[PDB]
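The next block is run29.cif, given as mmCIF, C-alpha atoms and all ligand atoms.
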data_start
loop_
_atom_site.label_atom_id
_atom_site.label_comp_id
_atom_site.auth_asym_id
_atom_site.auth_seq_id
_atom_site.Cartn_x
_atom_site.Cartn_y
_atom_site.Cartn_z
CA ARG R 19 70.13 190.21 -195.27
CA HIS R 20 72.40 187.20 -194.75
CA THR R 21 75.83 185.78 -195.61
CA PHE R 22 76.87 182.25 -196.50
CA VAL R 23 79.91 180.02 -195.90
CA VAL R 24 80.96 176.40 -196.41
CA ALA R 25 83.04 174.18 -194.12
CA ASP R 26 84.89 170.97 -195.03
CA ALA R 27 83.77 168.18 -192.70
CA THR R 28 86.22 165.67 -194.18
CA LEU R 29 88.98 167.67 -192.41
CA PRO R 30 88.90 167.31 -188.63
CA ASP R 31 88.47 171.00 -187.75
CA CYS R 32 85.86 171.99 -190.38
CA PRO R 33 87.88 174.68 -192.19
CA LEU R 34 85.97 177.16 -194.32
CA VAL R 35 86.44 176.48 -198.04
CA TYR R 36 84.09 179.06 -199.58
CA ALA R 37 82.61 182.30 -198.24
CA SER R 38 80.09 184.62 -199.85
CA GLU R 39 80.89 188.20 -200.83
CA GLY R 40 78.90 189.54 -197.89
CA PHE R 41 80.83 187.42 -195.38
CA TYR R 42 84.09 189.24 -196.12
CA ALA R 43 82.22 192.57 -196.15
CA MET R 44 80.28 191.95 -192.93
CA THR R 45 83.18 190.64 -190.83
CA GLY R 46 85.99 192.72 -192.34
CA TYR R 47 88.35 189.86 -193.21
CA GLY R 48 89.53 188.76 -196.63
CA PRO R 49 89.80 185.38 -198.35
CA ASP R 50 93.53 185.19 -197.50
CA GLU R 51 92.61 185.21 -193.78
CA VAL R 52 89.39 183.15 -194.01
CA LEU R 53 89.92 180.16 -196.31
CA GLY R 54 91.62 177.23 -194.60
CA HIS R 55 90.64 178.40 -191.09
CA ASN R 56 87.86 177.39 -188.74
CA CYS R 57 85.10 179.99 -188.42
CA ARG R 58 85.95 180.48 -184.71
CA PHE R 59 88.25 183.45 -185.47
CA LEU R 60 85.11 185.62 -185.25
CA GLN R 61 84.67 185.02 -181.51
CA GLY R 62 85.91 187.05 -178.56
CA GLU R 63 85.68 187.49 -174.80
CA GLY R 64 81.95 188.25 -175.01
CA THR R 65 80.97 185.10 -176.89
CA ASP R 66 78.83 182.86 -174.67
CA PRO R 67 80.75 179.58 -174.16
CA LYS R 68 77.47 177.71 -173.62
CA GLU R 69 76.24 178.72 -177.08
CA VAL R 70 79.56 177.80 -178.70
CA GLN R 71 79.21 174.39 -177.05
CA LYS R 72 75.90 173.77 -178.83
CA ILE R 73 77.52 174.21 -182.25
CA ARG R 74 80.50 172.08 -181.18
CA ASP R 75 78.15 169.22 -180.28
CA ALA R 76 75.91 169.48 -183.34
CA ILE R 77 79.04 169.40 -185.50
CA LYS R 78 80.28 166.24 -183.76
CA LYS R 79 76.81 164.65 -183.84
CA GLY R 80 76.44 165.81 -187.45
CA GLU R 81 73.06 167.50 -186.94
CA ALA R 82 71.80 171.02 -187.55
CA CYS R 83 71.99 173.83 -185.00
CA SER R 84 70.99 177.48 -184.64
CA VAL R 85 72.56 179.83 -182.07
CA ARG R 86 73.01 183.54 -181.32
CA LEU R 87 76.69 184.40 -180.97
CA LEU R 88 78.53 187.64 -180.24
CA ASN R 89 81.06 187.79 -183.06
CA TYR R 90 83.68 190.49 -183.55
CA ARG R 91 84.79 192.18 -186.76
CA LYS R 92 88.39 192.64 -187.90
CA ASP R 93 88.44 196.09 -186.26
CA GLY R 94 87.33 194.63 -182.91
CA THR R 95 83.82 196.10 -183.05
CA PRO R 96 81.07 193.64 -182.05
CA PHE R 97 78.01 192.46 -183.93
CA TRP R 98 75.35 189.86 -183.15
CA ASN R 99 75.31 186.84 -185.46
CA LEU R 100 72.30 184.55 -185.90
CA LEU R 101 74.21 181.47 -187.05
CA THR R 102 72.57 178.40 -188.59
CA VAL R 103 74.63 175.29 -189.39
CA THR R 104 73.37 172.45 -191.59
CA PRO R 105 75.13 169.12 -192.25
CA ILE R 106 75.50 168.12 -195.90
CA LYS R 107 75.66 164.33 -196.11
CA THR R 108 76.69 161.81 -198.74
CA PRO R 109 74.42 158.87 -199.64
CA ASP R 110 76.35 156.64 -197.22
CA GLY R 111 75.06 158.75 -194.31
CA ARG R 112 78.42 160.48 -193.74
CA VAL R 113 78.89 164.24 -193.41
CA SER R 114 80.93 165.85 -196.19
CA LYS R 115 80.39 169.59 -195.66
CA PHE R 116 78.84 171.97 -193.14
CA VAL R 117 77.02 175.06 -194.43
CA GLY R 118 76.43 178.25 -192.48
CA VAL R 119 74.04 181.18 -192.91
CA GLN R 120 75.01 184.19 -190.78
CA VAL R 121 72.58 187.06 -190.17
CA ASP R 122 73.70 190.28 -188.46
CA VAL R 123 70.74 190.76 -186.11
CA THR R 124 72.20 193.65 -184.15
CA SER R 125 69.29 195.76 -185.50
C1 LIG R 201 80.77 180.83 -187.66
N1 LIG R 201 80.13 180.23 -188.71
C2 LIG R 201 80.24 178.87 -188.89
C3 LIG R 201 79.88 178.29 -190.10
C4 LIG R 201 79.95 176.91 -190.26
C5 LIG R 201 79.56 176.27 -191.56
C6 LIG R 201 80.40 176.12 -189.21
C7 LIG R 201 80.48 174.63 -189.37
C8 LIG R 201 80.76 176.70 -188.00
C9 LIG R 201 80.68 178.08 -187.85
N2 LIG R 201 81.05 178.68 -186.66
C10 LIG R 201 81.52 177.87 -185.47
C11 LIG R 201 82.97 177.41 -185.42
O1 LIG R 201 83.40 176.94 -186.68
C12 LIG R 201 83.10 176.29 -184.39
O2 LIG R 201 82.38 175.17 -184.85
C13 LIG R 201 82.58 176.73 -183.01
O3 LIG R 201 83.41 177.74 -182.50
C14 LIG R 201 82.53 175.59 -181.99
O4 LIG R 201 83.71 174.81 -182.04
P1 LIG R 201 85.00 175.15 -181.13
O5 LIG R 201 86.15 174.26 -181.52
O6 LIG R 201 85.36 176.60 -181.36
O7 LIG R 201 84.66 174.93 -179.67
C15 LIG R 201 80.91 180.04 -186.53
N3 LIG R 201 81.31 180.62 -185.35
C16 LIG R 201 81.24 181.98 -185.20
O8 LIG R 201 81.55 182.50 -184.12
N4 LIG R 201 80.79 182.75 -186.25
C17 LIG R 201 80.40 182.13 -187.42
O9 LIG R 201 80.05 182.82 -188.37
#
Represent the supplied structure as structure tokens.
Amino acid sequence: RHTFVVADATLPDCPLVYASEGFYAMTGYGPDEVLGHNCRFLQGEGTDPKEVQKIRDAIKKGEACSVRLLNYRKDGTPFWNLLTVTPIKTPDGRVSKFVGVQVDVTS
């Protein structure tokens, strides 16, 4: 199982512009509270700041990244998210969108 989202790299904070049907179902949020916002709303006090830093750098460098984060649902309950980010580039070498595949690997 996996979910899928899209971020807009032309905007400075990479706001999500499209989320799959499982993303809203897995996390507990709805489009009205997801679109236009950075994905970071899923994090909490248990999220490893070293792992978050890896995604922050790969987004600035415009390269791919894969991390294991402790994300939280809308009801505060935790789940473990195997996140993979991939830069989508235009022909001129510039990054237009970031794409994310989230897998709930809490087992
Ligand atoms: C999040 N998924 C997700 C999907 C995409 C396509 C991108 C680009 C990022 C994420 N994040 C990370 C978040 O947007 C942000 O980049 C990081 O928090 C690091 O930057 P900051 O400014 O916060 O230091 C995802 N983060 C999650 O926790 N869960 C995901 O599903």
- When the cut-off is 9 Å and you count all atoms listed in the file, which residues lie near ligand LIG 201 (chain R), shown as a PyMOL selection string? chain R and resi 21-27+31-34+41+45+55-62+65+67+69-77+87-90+99-105+115-121
- Message: Please report the interatomic distance between atom CA of residue R:28 and atom CA of residue R:106 in Å with one decimal.
- Response: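 Atom CA of residue R:106 lies 11.1 Å from atom CA of residue R:28.
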- Message: Ranking R:52, R:64, R:96, R:107 by minimum distance to residue R:82 and counting all atoms listed in the file, which one comes first?
- Response: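 Using all atoms listed in the file, the shortest distance to residue R:82 belongs to R:107.
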- Message: Could you check the closest approach to residue R:92 for each of R:35, R:53, R:113, R:43 and tell me which residue wins, using all atoms listed in the file?
- Response: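 Answer, going by the shortest atom-to-atom distance: R:43.
Put simply, atom CA of residue R:112 is 13.5 Å away from atom CA of residue R:30.
Pairwise distance (atom CA of residue R:63, atom CA of residue R:79) equals 26.1 Å.
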- Find, counting all atoms listed in the file, the residue in R:38, R:68, R:91, R:29 that gets nearest to residue R:54.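 Of R:38, R:68, R:91, R:29, the one nearest residue R:54 is R:29, counting all atoms listed in the file.
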- Using all atoms listed in the file, the residue out of R:19, R:97, R:37, R:110 with shortest distance to residue R:49 is R:37
